[PDB]
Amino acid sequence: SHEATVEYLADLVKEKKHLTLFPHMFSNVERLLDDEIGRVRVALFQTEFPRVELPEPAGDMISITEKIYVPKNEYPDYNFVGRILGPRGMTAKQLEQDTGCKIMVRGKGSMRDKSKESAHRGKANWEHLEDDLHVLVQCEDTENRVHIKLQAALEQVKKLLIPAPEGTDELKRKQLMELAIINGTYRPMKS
(Lines of atoms letter the chains of each structure in order from A and count residues from 1; the text may use other names and numbers.)
(Lines give C-alpha, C1' and ligand atoms only; values in the text may rest on other atoms or scores of the structure.)
Protein backbone atom coordinates (compact mmCIF):
# COMPACT_ATOMS: atom_id res chain seq x y z
CA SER A 1 0.00 0.00 0.00
CA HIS A 2 1.20 3.45 -1.04
CA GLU A 3 1.70 5.88 1.88
CA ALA A 4 -1.54 7.74 2.63
CA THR A 5 -0.70 11.40 2.18
CA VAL A 6 -2.92 14.27 1.10
CA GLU A 7 -0.64 14.75 -1.91
CA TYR A 8 -1.35 11.14 -2.91
CA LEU A 9 -5.13 11.49 -2.45
CA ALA A 10 -5.04 14.55 -4.76
CA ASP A 11 -3.16 12.46 -7.32
CA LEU A 12 -5.75 9.64 -7.13
CA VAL A 13 -8.58 12.13 -7.45
CA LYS A 14 -7.21 13.83 -10.59
CA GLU A 15 -6.85 10.35 -12.07
CA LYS A 16 -10.40 9.47 -10.99
CA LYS A 17 -11.70 12.57 -12.79
CA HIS A 18 -10.22 11.29 -16.05
CA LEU A 19 -10.86 7.57 -15.54
CA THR A 20 -14.60 7.99 -14.91
CA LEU A 21 -15.16 9.21 -18.45
CA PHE A 22 -14.81 5.65 -19.62
CA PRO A 23 -16.86 3.79 -17.15
CA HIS A 24 -17.19 0.68 -19.32
CA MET A 25 -13.76 0.22 -20.84
CA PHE A 26 -12.36 0.70 -17.37
CA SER A 27 -15.07 -0.72 -15.11
CA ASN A 28 -12.75 -2.94 -13.05
CA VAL A 29 -9.97 -0.49 -12.64
CA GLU A 30 -12.38 2.31 -11.62
CA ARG A 31 -13.59 0.08 -8.81
CA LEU A 32 -9.99 -0.62 -7.79
CA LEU A 33 -9.32 3.14 -7.74
CA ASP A 34 -12.51 3.91 -5.75
CA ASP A 35 -11.30 1.30 -3.19
CA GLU A 36 -7.88 2.96 -2.91
CA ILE A 37 -9.29 6.49 -2.70
CA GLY A 38 -11.64 5.27 0.02
CA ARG A 39 -8.83 3.59 1.90
CA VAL A 40 -6.60 6.67 1.75
CA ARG A 41 -9.42 8.93 2.93
CA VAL A 42 -10.08 6.69 5.90
CA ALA A 43 -6.41 6.66 6.94
CA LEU A 44 -6.11 10.46 6.56
CA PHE A 45 -9.29 11.83 8.13
CA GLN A 46 -11.13 9.18 10.12
CA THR A 47 -10.19 9.11 13.78
CA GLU A 48 -11.64 6.16 15.61
CA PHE A 49 -12.62 5.64 19.22
CA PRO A 50 -11.87 2.43 21.15
CA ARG A 51 -14.55 -0.28 20.75
CA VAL A 52 -15.56 -2.15 23.90
CA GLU A 53 -16.30 -5.88 24.25
CA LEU A 54 -19.85 -6.81 25.20
CA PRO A 55 -21.55 -9.90 26.62
CA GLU A 56 -24.48 -11.41 24.74
CA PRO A 57 -27.79 -9.77 25.68
CA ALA A 58 -29.23 -10.81 29.05
CA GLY A 59 -31.65 -9.08 31.43
CA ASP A 60 -34.20 -6.27 31.10
CA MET A 61 -34.03 -3.62 28.35
CA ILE A 62 -32.78 -0.26 29.64
CA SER A 63 -32.69 3.17 28.02
CA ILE A 64 -30.29 5.59 29.79
CA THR A 65 -29.35 9.25 29.05
CA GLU A 66 -26.52 11.17 30.79
CA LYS A 67 -26.25 14.97 30.54
CA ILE A 68 -22.79 16.53 30.51
CA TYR A 69 -22.49 20.33 30.49
CA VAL A 70 -19.93 21.77 28.14
CA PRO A 71 -17.50 24.04 30.04
CA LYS A 72 -18.39 26.93 27.70
CA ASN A 73 -17.92 29.50 30.48
CA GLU A 74 -14.48 28.33 31.66
CA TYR A 75 -13.25 28.25 28.02
CA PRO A 76 -15.39 30.92 26.24
CA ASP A 77 -13.47 30.86 22.93
CA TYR A 78 -13.09 27.10 22.35
CA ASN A 79 -15.44 25.51 19.84
CA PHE A 80 -16.36 22.23 21.57
CA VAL A 81 -19.48 21.49 19.55
CA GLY A 82 -17.77 21.82 16.18
CA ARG A 83 -15.09 19.35 17.27
CA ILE A 84 -17.60 16.86 18.72
CA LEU A 85 -19.73 16.93 15.54
CA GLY A 86 -17.02 17.13 12.83
CA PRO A 87 -17.50 17.72 9.09
CA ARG A 88 -21.00 16.63 8.10
CA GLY A 89 -21.37 15.29 11.65
CA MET A 90 -18.94 12.52 10.76
CA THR A 91 -17.09 12.50 14.07
CA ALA A 92 -20.28 12.25 16.09
CA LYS A 93 -21.48 9.41 13.85
CA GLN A 94 -18.11 7.63 14.22
CA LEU A 95 -18.46 7.97 18.01
CA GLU A 96 -22.09 6.84 17.98
CA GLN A 97 -21.09 3.69 16.02
CA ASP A 98 -17.91 2.82 17.94
CA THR A 99 -19.63 3.06 21.31
CA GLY A 100 -23.22 2.05 20.53
CA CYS A 101 -24.61 5.28 21.83
CA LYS A 102 -26.47 8.32 20.53
CA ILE A 103 -24.94 11.82 20.83
CA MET A 104 -27.17 14.90 20.98
CA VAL A 105 -26.03 18.48 21.50
CA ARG A 106 -28.68 20.58 23.21
CA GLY A 107 -29.33 23.71 25.25
CA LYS A 108 -28.57 27.39 24.79
CA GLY A 109 -26.40 28.17 21.78
CA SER A 110 -26.80 24.66 20.46
CA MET A 111 -28.65 25.73 17.31
CA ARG A 112 -26.37 26.29 14.31
CA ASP A 113 -27.89 29.76 13.78
CA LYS A 114 -28.31 31.46 17.14
CA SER A 115 -30.87 33.89 15.67
CA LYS A 116 -33.48 31.16 14.99
CA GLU A 117 -32.94 29.91 18.54
CA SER A 118 -34.24 33.06 20.17
CA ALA A 119 -37.60 32.41 18.47
CA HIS A 120 -38.20 28.82 19.64
CA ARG A 121 -37.38 29.80 23.25
CA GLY A 122 -40.08 28.80 25.72
CA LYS A 123 -42.17 27.22 22.94
CA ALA A 124 -43.16 23.57 23.37
CA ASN A 125 -40.75 20.82 22.24
CA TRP A 126 -37.80 23.23 22.61
CA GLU A 127 -37.64 23.43 26.40
CA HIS A 128 -33.96 22.48 26.44
CA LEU A 129 -33.02 25.96 25.17
CA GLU A 130 -33.63 27.17 28.70
CA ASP A 131 -30.84 24.84 29.81
CA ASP A 132 -27.10 25.52 29.37
CA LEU A 133 -25.18 23.95 26.47
CA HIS A 134 -24.88 20.25 27.16
CA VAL A 135 -24.22 16.96 25.44
CA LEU A 136 -26.70 14.15 26.02
CA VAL A 137 -25.17 10.68 25.73
CA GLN A 138 -27.76 7.95 25.32
CA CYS A 139 -27.61 4.14 25.14
CA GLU A 140 -30.31 1.52 24.94
CA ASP A 141 -29.36 -2.14 25.39
CA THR A 142 -29.88 -4.92 27.91
CA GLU A 143 -29.04 -4.62 31.59
CA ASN A 144 -25.66 -6.37 31.09
CA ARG A 145 -24.50 -4.27 28.11
CA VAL A 146 -26.07 -0.81 28.36
CA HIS A 147 -23.83 0.50 31.16
CA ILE A 148 -20.64 -0.79 29.53
CA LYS A 149 -21.50 1.06 26.34
CA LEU A 150 -22.47 4.22 28.20
CA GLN A 151 -19.27 4.41 30.20
CA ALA A 152 -17.35 3.94 26.97
CA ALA A 153 -19.08 6.89 25.32
CA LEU A 154 -18.94 9.02 28.48
CA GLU A 155 -15.19 8.59 28.67
CA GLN A 156 -14.91 9.83 25.06
CA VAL A 157 -17.33 12.79 25.31
CA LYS A 158 -15.54 13.87 28.47
CA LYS A 159 -12.16 13.74 26.63
CA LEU A 160 -13.65 15.98 23.93
CA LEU A 161 -14.82 18.51 26.51
CA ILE A 162 -11.20 19.06 27.49
CA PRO A 163 -9.89 21.71 25.14
CA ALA A 164 -6.50 20.98 23.57
CA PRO A 165 -3.65 23.52 23.74
CA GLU A 166 -2.59 25.19 20.47
CA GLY A 167 -0.98 22.84 17.92
CA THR A 168 -1.61 19.57 19.72
CA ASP A 169 -5.15 18.92 18.43
CA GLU A 170 -4.60 15.97 16.09
CA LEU A 171 -8.36 15.34 15.90
CA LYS A 172 -9.22 18.91 15.00
CA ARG A 173 -6.50 19.14 12.36
CA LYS A 174 -7.76 16.08 10.50
CA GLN A 175 -11.24 17.61 10.66
CA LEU A 176 -10.21 20.98 9.30
CA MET A 177 -8.02 19.44 6.63
CA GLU A 178 -10.95 17.33 5.35
CA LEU A 179 -13.18 20.37 5.60
CA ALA A 180 -10.82 22.45 3.48
CA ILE A 181 -11.05 19.74 0.87
CA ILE A 182 -14.88 19.53 1.07
CA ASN A 183 -15.64 23.24 0.49
CA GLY A 184 -12.42 24.37 -1.23
CA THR A 185 -12.45 21.79 -4.03
CA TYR A 186 -15.15 20.69 -6.50
CA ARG A 187 -17.56 17.74 -6.50
CA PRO A 188 -15.24 14.84 -7.57
CA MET A 189 -12.99 15.43 -4.50
CA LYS A 190 -15.55 16.10 -1.71
CA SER A 191 -17.32 13.05 -0.19
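All residue numbers are counted from 1 along the displayed sequence.
> Could you check the entry and say whether 75 to 83 or 88 to 96 has the higher mean CA B-factor?
Taking the mean B-factor of the alpha carbons in each, 75 to 83 is higher.
> Mean CA B-factor: is it higher for 42 to 50 or for 155 to 163?
Taking the mean B-factor of the alpha carbons in each, 42 to 50 is higher.
> Highest Cα B-factor in the deposition, which of 140, 66, 30, 127?
The record points to 127.
> C-alpha B factor of residue 104, ranked within the chain: lowest, middle or highest third?
For residue 104, whose C-alpha B-factor we compare with every modelled residue in the chain, the answer is the middle third.
> Taking the C-alpha B-factors as the PDB entry records them, is residue 170 in the lowest, middle or highest third of its chain?
Top third by C-alpha B-factor.
> Looking at the temperature factor on the CA atom of residue 34, which third of the chain's modelled residues does it land in?
Residue 34: CA B-factor falls in the lowest third of its chain.
> By the record's CA B-factor, is residue 56 among the lowest, middle or highest third of residues in the chain?
Within its chain, residue 56 is a highest-third residue by C-alpha B-factor, going by the deposited values.
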